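Engineer: This is upload_0.pdb (PDB, C-alpha atoms).
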MODEL        1
ATOM      1  CA  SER T   2     131.312  10.775 135.206  1.00  0.00           C
ATOM      2  CA  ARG T   3     129.367  12.926 137.624  1.00  0.00           C
ATOM      3  CA  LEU T   4     127.322  15.849 136.350  1.00  0.00           C
ATOM      4  CA  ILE T   5     127.515  19.176 138.126  1.00  0.00           C
ATOM      5  CA  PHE T   6     125.086  20.884 140.500  1.00  0.00           C
ATOM      6  CA  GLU T   7     124.510  24.556 141.297  1.00  0.00           C
ATOM      7  CA  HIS T   8     123.550  26.441 144.465  1.00  0.00           C
ATOM      8  CA  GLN T   9     120.061  27.864 144.105  1.00  0.00           C
ATOM      9  CA  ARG T  10     117.936  29.661 146.656  1.00  0.00           C
ATOM     10  CA  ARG T  11     116.144  27.217 148.921  1.00  0.00           C
ATOM     11  CA  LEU T  12     112.388  27.410 148.520  1.00  0.00           C
ATOM     12  CA  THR T  13     110.964  29.279 151.461  1.00  0.00           C
ATOM     13  CA  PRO T  14     109.409  26.643 153.720  1.00  0.00           C
ATOM     14  CA  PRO T  15     105.984  27.457 155.169  1.00  0.00           C
ATOM     15  CA  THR T  16     106.389  29.882 158.036  1.00  0.00           C
ATOM     16  CA  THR T  17     105.793  29.238 161.723  1.00  0.00           C
ATOM     17  CA  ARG T  18     104.492  32.188 163.722  1.00  0.00           C
ATOM     18  CA  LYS T  19     105.989  31.327 167.097  1.00  0.00           C
ATOM     19  CA  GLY T  20     103.487  33.468 168.949  1.00  0.00           C
ATOM     20  CA  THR T  21     102.741  33.349 172.660  1.00  0.00           C
ATOM     21  CA  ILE T  22      98.911  33.323 172.850  1.00  0.00           C
ATOM     22  CA  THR T  23      97.569  34.630 176.216  1.00  0.00           C
ATOM     23  CA  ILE T  24      94.252  33.172 177.535  1.00  0.00           C
ATOM     24  CA  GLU T  25      92.139  35.392 179.871  1.00  0.00           C
ATOM     25  CA  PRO T  26      91.279  33.945 183.364  1.00  0.00           C
ATOM     26  CA  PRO T  27      87.728  32.733 184.315  1.00  0.00           C
ATOM     27  CA  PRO T  28      85.125  34.246 186.745  1.00  0.00           C
ATOM     28  CA  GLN T  29      85.054  33.956 190.557  1.00  0.00           C
ATOM     29  CA  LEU T  30      81.742  32.522 191.720  1.00  0.00           C
ATOM     30  CA  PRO T  31      79.996  35.438 193.480  1.00  0.00           C
ATOM     31  CA  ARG T  32      77.735  33.534 195.896  1.00  0.00           C
TER      32      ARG T  32
ATOM     33  CA  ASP X   9      85.357  42.200 193.216  1.00  0.00           C
ATOM     34  CA  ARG X  10      83.655  39.032 191.831  1.00  0.00           C
ATOM     35  CA  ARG X  11      86.074  39.163 188.814  1.00  0.00           C
ATOM     36  CA  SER X  12      83.415  39.218 186.020  1.00  0.00           C
ATOM     37  CA  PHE X  13      84.264  38.139 182.420  1.00  0.00           C
ATOM     38  CA  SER X  14      83.057  40.831 179.932  1.00  0.00           C
ATOM     39  CA  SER X  15      81.809  39.072 176.729  1.00  0.00           C
ATOM     40  CA  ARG X  16      84.678  38.809 174.165  1.00  0.00           C
ATOM     41  CA  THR X  17      85.045  37.395 170.588  1.00  0.00           C
ATOM     42  CA  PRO X  18      88.333  37.137 168.556  1.00  0.00           C
ATOM     43  CA  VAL X  19      88.805  35.669 165.007  1.00  0.00           C
ATOM     44  CA  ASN X  20      89.193  32.084 163.627  1.00  0.00           C
ATOM     45  CA  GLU X  21      91.872  31.862 160.840  1.00  0.00           C
ATOM     46  CA  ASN X  22      91.032  28.177 160.024  1.00  0.00           C
ATOM     47  CA  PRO X  23      88.291  25.981 158.404  1.00  0.00           C
ATOM     48  CA  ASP X  24      85.499  26.203 161.072  1.00  0.00           C
ATOM     49  CA  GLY X  25      85.289  30.041 160.959  1.00  0.00           C
ATOM     50  CA  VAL X  26      82.373  30.539 158.495  1.00  0.00           C
ATOM     51  CA  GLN X  27      80.042  27.543 159.153  1.00  0.00           C
ATOM     52  CA  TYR X  28      76.927  28.116 161.357  1.00  0.00           C
ATOM     53  CA  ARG X  29      73.915  29.510 159.317  1.00  0.00           C
ATOM     54  CA  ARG X  30      71.777  29.674 162.509  1.00  0.00           C
ATOM     55  CA  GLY X  31      69.012  32.324 162.442  1.00  0.00           C
ATOM     56  CA  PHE X  32      67.780  32.936 166.020  1.00  0.00           C
ATOM     57  CA  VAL X  33      66.761  36.449 167.235  1.00  0.00           C
ATOM     58  CA  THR X  34      68.524  36.969 170.625  1.00  0.00           C
ATOM     59  CA  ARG X  35      66.952  39.126 173.339  1.00  0.00           C
ATOM     60  CA  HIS X  36      69.279  42.024 172.552  1.00  0.00           C
ATOM     61  CA  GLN X  37      68.271  42.084 168.907  1.00  0.00           C
ATOM     62  CA  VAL X  38      64.582  42.311 169.666  1.00  0.00           C
ATOM     63  CA  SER X  39      65.239  45.057 172.199  1.00  0.00           C
ATOM     64  CA  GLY X  40      67.287  46.971 169.654  1.00  0.00           C
ATOM     65  CA  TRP X  41      64.612  46.642 167.020  1.00  0.00           C
ATOM     66  CA  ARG X  42      61.936  47.879 169.407  1.00  0.00           C
ATOM     67  CA  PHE X  43      64.073  50.876 170.258  1.00  0.00           C
ATOM     68  CA  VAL X  44      64.955  51.779 166.691  1.00  0.00           C
ATOM     69  CA  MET X  45      61.388  51.644 165.511  1.00  0.00           C
ATOM     70  CA  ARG X  46      60.380  53.775 168.467  1.00  0.00           C
ATOM     71  CA  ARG X  47      63.020  56.364 167.637  1.00  0.00           C
ATOM     72  CA  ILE X  48      62.004  56.596 164.000  1.00  0.00           C
ATOM     73  CA  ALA X  49      58.290  56.629 164.763  1.00  0.00           C
ATOM     74  CA  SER X  50      59.162  59.529 167.069  1.00  0.00           C
ATOM     75  CA  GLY X  51      60.946  61.427 164.335  1.00  0.00           C
ATOM     76  CA  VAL X  52      57.964  61.861 162.078  1.00  0.00           C
ATOM     77  CA  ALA X  53      55.483  62.939 164.747  1.00  0.00           C
ATOM     78  CA  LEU X  54      57.608  64.971 167.149  1.00  0.00           C
ATOM     79  CA  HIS X  55      60.259  66.263 164.736  1.00  0.00           C
ATOM     80  CA  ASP X  56      63.012  65.819 167.279  1.00  0.00           C
ATOM     81  CA  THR X  57      64.743  62.596 168.232  1.00  0.00           C
ATOM     82  CA  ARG X  58      66.587  63.281 171.465  1.00  0.00           C
ATOM     83  CA  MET X  59      64.179  60.703 172.922  1.00  0.00           C
ATOM     84  CA  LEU X  60      63.958  62.254 176.393  1.00  0.00           C
ATOM     85  CA  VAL X  61      60.214  61.681 176.857  1.00  0.00           C
ATOM     86  CA  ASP X  62      58.218  59.507 174.493  1.00  0.00           C
ATOM     87  CA  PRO X  63      54.455  60.083 174.651  1.00  0.00           C
ATOM     88  CA  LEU X  64      53.524  57.838 171.708  1.00  0.00           C
ATOM     89  CA  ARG X  65      54.403  54.636 173.540  1.00  0.00           C
ATOM     90  CA  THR X  66      52.634  56.203 176.509  1.00  0.00           C
ATOM     91  CA  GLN X  67      49.404  56.395 174.519  1.00  0.00           C
ATOM     92  CA  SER X  68      49.747  52.857 173.231  1.00  0.00           C
ATOM     93  CA  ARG X  69      50.486  51.369 176.642  1.00  0.00           C
ATOM     94  CA  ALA X  70      47.519  53.311 178.025  1.00  0.00           C
ATOM     95  CA  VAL X  71      45.133  51.683 175.592  1.00  0.00           C
ATOM     96  CA  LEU X  72      46.786  48.356 176.368  1.00  0.00           C
ATOM     97  CA  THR X  73      46.203  48.877 180.100  1.00  0.00           C
ATOM     98  CA  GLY X  74      42.573  49.592 179.327  1.00  0.00           C
ATOM     99  CA  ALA X  75      42.355  46.273 177.501  1.00  0.00           C
ATOM    100  CA  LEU X  76      44.018  44.333 180.322  1.00  0.00           C
ATOM    101  CA  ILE X  77      41.822  45.794 183.062  1.00  0.00           C
ATOM    102  CA  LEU X  78      38.882  44.991 180.792  1.00  0.00           C
ATOM    103  CA  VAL X  79      39.765  41.296 180.641  1.00  0.00           C
ATOM    104  CA  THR X  80      40.578  41.226 184.367  1.00  0.00           C
ATOM    105  CA  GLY X  81      37.159  42.562 185.347  1.00  0.00           C
ATOM    106  CA  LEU X  82      35.579  40.245 182.787  1.00  0.00           C
ATOM    107  CA  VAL X  83      36.895  37.108 184.453  1.00  0.00           C
ATOM    108  CA  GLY X  84      36.590  38.529 187.990  1.00  0.00           C
ATOM    109  CA  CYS X  85      32.869  38.780 187.377  1.00  0.00           C
ATOM    110  CA  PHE X  86      32.851  35.481 185.474  1.00  0.00           C
ATOM    111  CA  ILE X  87      33.886  33.914 188.795  1.00  0.00           C
ATOM    112  CA  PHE X  88      30.917  35.767 190.310  1.00  0.00           C
ATOM    113  CA  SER X  89      29.030  32.999 188.500  1.00  0.00           C
TER     114      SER X  89
ENDMDL
END
Please go through the file and, once you have read it, give me the structure as structure tokens.

Structural biologist:
Amino acid sequence: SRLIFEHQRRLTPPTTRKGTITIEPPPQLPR
Amino acid sequence: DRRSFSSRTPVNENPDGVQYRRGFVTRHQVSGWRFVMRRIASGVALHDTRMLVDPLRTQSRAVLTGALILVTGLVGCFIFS
């Protein structure tokens, strides 16, 4: 009946750099 | 103090990171060009380029001042009539 299947290596899915980007604050209006 | 924001510039790593083709000389570039050509032109007449005192530009601005005072007196006596 049912043919057989093997256990390969799963294709590496595209990565996801889970970085934590840090924005720099703005200026303060000298006046 | 006033918390200034020093000019910064990172990368792009995407599609809109190489599309601009805009040629426009900024003030800094024209200043830099003036300075470079006045440090070369003072390296083949003075034979030292420490650039502490430049007399060549002094000469040229002197003749320019002559020209400007010329035109000033010209019109200031053109108003005389």

Engineer: Given only C-alpha atoms, how would the per-residue table for chain T near chain X read, listing every residue at most 12 Å away with its closest atom pair and distance in Å to one decimal, sorted by chain and number, as a Markdown table?

Structural biologist:
| residue | atom | partner | partner_atom | distance |
| --- | --- | --- | --- | --- |
| T:24 | CA | X:18 | CA | 11.5 |
| T:25 | CA | X:13 | CA | 8.7 |
| T:26 | CA | X:13 | CA | 8.2 |
| T:27 | CA | X:13 | CA | 6.7 |
| T:28 | CA | X:12 | CA | 5.3 |
| T:29 | CA | X:10 | CA | 5.4 |
| T:30 | CA | X:10 | CA | 6.8 |
| T:31 | CA | X:10 | CA | 5.4 |
| T:32 | CA | X:10 | CA | 9.0 |

Engineer: I want to know what sits within 12 Å of residue 64 in chain X, based on all atoms listed in the file, with residues of the same chain fewer than 2 positions away left out; could you give that as number ranges by chain?

Structural biologist: X: 45-54, 59, 61-62, 66-71

Engineer: Please report the interatomic distance between CA of residue 55 in chain X and CA of residue 43 in chain X in Å with one decimal.

Structural biologist: 16.8 Å
